[PDB]
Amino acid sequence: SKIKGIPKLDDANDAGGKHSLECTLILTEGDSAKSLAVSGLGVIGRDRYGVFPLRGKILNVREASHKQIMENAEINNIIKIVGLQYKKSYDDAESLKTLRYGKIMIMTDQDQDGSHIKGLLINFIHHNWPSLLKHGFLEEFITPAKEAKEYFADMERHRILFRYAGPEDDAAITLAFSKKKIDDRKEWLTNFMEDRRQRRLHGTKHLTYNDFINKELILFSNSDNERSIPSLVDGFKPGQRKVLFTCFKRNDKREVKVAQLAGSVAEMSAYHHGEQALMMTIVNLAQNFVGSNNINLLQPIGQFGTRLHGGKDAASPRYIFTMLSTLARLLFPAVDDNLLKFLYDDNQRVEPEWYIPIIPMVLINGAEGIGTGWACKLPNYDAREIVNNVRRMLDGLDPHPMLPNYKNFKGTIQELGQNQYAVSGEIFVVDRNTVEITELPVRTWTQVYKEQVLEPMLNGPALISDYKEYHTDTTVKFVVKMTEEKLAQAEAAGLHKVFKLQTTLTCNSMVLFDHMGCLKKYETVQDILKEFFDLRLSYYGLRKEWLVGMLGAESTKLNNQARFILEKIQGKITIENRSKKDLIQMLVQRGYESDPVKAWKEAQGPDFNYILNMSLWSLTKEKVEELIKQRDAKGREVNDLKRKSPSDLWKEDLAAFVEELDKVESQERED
């Protein structure tokens, strides 16, 4: 037997023949990895090794529908290449004779997503052919072009065999991959996170499936949560946060191509994944159509998608541009950068563990994510209402309950009960024969509504006679015709009901990482707001301590510079033709201070560079007066700050933000 219709397969010369069972099918993570293996095998490896590339994550066939399984081209390819048959039991040494290959060797990246793929392959064989695992059907090739040929020459040092030991192997695989084991996964990961936390307060040719799952795959599952579930503090996940950290660093005064920014992010922040995911993240951060961001931190310069297709109509990231919103640094003040804990990736300082915005951004743009064991979903809330709640809390008052609010949505959102809402579009009777639809419930896209609601009403029993569209890019308007009879009935029943203009929004999975990096479930947004509030208030306290110290050091620095300049122009000191050593010694003796700002930073020989690096211009009339004013202004600045409370600082930030939010949003409505 040969394999005819699979272009990407390199079949082993002896596959399907008499030495079938001695043949190994290598499944690789992607086409590039195939090339490395095909090269490392050389001509001599072509005899007993086949190579076939997987395109990333494999269908989880456990509990997948029959249709999705039968139609899955990748699984069907593997089945064809190996000679497998659904429902066949491979116990006999004779039942094996119908196979073209005797084993599959999995070859992925030695990273967490690689482990996920190994597990999905294991899951696939385990679900359909458990018997196969008893014969040691599965193996893996671990790594850290010339290096390729080397790895393969030493293949038996890179080759690990999966081993089925008992029913605990079955339980582990099922735990990882069964849709019925979600709760077990929550417990599984809770134990893992707790145990690792404890370890931090202090300090085989063969591998069972139980150990692979519990010691290797679990690392992917945990990383999946870390990358997919947002922080309560800034509302970001790590990829989004790396994007903002990079934009803040670059400080672009003009638009940058999305693909170019993504390349720049990967470099500046040690992002370790495919840049195409990064580009999608960037697009998602810039979107501003109804039902996306309430405050987009990046500007969508170009086609970033519309409500017609829910953003699926975004242009390629090579053709669109972005830059920071003017609101971004008002929300994430640069001064607070000094208070953050910046992370390190291999000696390089990259993004902070979290930013600390002036309002809970996790509520503003609708934190959303799917991990393992847990997922997160929050709706959007109104920025002004949140600012008003923070002010109330600053004044010792109680915050008003908040309803979800989406920018530019003309519809209605009603609270049914805790974390349960009815979201309604807008429909109104014009005359008999005519209704008009001018808003769709949030996250209902215009093209989808037309196709799934209006078309079926018009065609396959038909309820309406006709409809017409008068949409713009940002608005919806359908005019629908029907007989009085039908309209009267439609109207008898609820119009919003018949035209499917009501959806429910339920939020019982507000799961976020707290400020300590612990995953937590929040019951109400008021709980989220309060936890954010206490942390942010504490950080305005830190900001004030930081500023008083730094501005104090700056004041001392200017006092010393000014003293030196006044003494120079009066003849009280001279430096002309003095040696460096003597000038230092002299300055010390006369009580000048080693760089005060440098000393302060370090505290978080003497250095008189800050004095002697001043230009000769400094000795002239206008510059002397200027220096005296700067020195007195700095003194007043520190004094003014000492008098203020952290609450006052927060209130200043909120006022500046609202002012610009007003300008920006008015301007958007003109445009």
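So that the term is clear: the rigid core is the largest set of C-alpha atoms that superpose within 1.5 Å between two forms. Position 1 is the first residue in the sequence shown; the rest follow in order.
Fitting on the rigid core only, I'd like to know which of the two stretches, 368-376 or 575-583, ends up farther away in Cα terms in 9 other deposited structures of this protein.
Higher root mean square deviation of C-alphas in 9 other deposited structures of this protein is shown by 575-583.
Give, as the answer, the stretch of 302-310 and 109-117 that departs more from the shown form in 9 other deposited structures of this protein; the measure is RMS Cα distance after a core fit.
If we average over structures and residues in 9 other deposited structures of this protein, the farther stretch is 109-117.
Does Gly263 have no coordinates in at least a third of the other PDB entries examined?
No: coordinates for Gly263 present in every compared entry.
With neighbours modelled on both sides, does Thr204 go without coordinates in a third or more of the other PDB entries compared?
Yes, left without coordinates in at least a third.
Between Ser615 and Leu616, how many deposited residues lack coordinates (none, 1 to 3, 4 to 9, 10 or more)?
The entry leaves nothing out here.
With respect to the deposited sequence, how many residues separating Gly460 from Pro461 are not represented by coordinates: none, 1 to 3, 4 to 9, or 10 or more?
Per the record, 4 to 9 deposited residues are absent between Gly460 and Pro461.
Decide which of the stretches 312-320 and 281-289 has the higher mean C-alpha B-factor, going by the entry.
Here the higher of the two C-alpha B-factor means belongs to 312-320.
Comparing 298-306 with 576-584, which has the greater mean CA B-factor as deposited?
Stretch with the greater average CA B-factor: 576-584.
Candidate residues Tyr421, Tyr151, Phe332, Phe342, the one whose C-alpha B factor the record puts highest:
Of the candidates given, the C-alpha B-factor peaks at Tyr151.
From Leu27, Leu641, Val43, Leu627, can you pick the one with the highest C-alpha B factor in the entry?
Among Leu27, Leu641, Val43, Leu627, the highest C-alpha B-factor in the entry belongs to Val43.
Sorting the chain's CA B-factors, does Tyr86 end up in the lowest, middle or highest third?
As the PDB entry reports it, the C-alpha B-factor of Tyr86 lands in the highest third of its chain.
If you rank every modelled residue in this chain by C-alpha B factor, which third holds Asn60: lowest, middle or highest?
Lowest third, going by the recorded CA B-factors of the chain.
If you rank every modelled residue in this chain by C-alpha B factor, which third holds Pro606: lowest, middle or highest?
Highest third - that is where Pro606 ends up once the chain's C-alpha B-factors are sorted.
Name the third of the chain's ranked CA B-factors that contains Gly274, choosing lowest, middle or highest.
Middle third, going by the recorded CA B-factors of the chain.
Name the third of the chain's ranked CA B-factors that contains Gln489, choosing lowest, middle or highest.
Top third by C-alpha B-factor.
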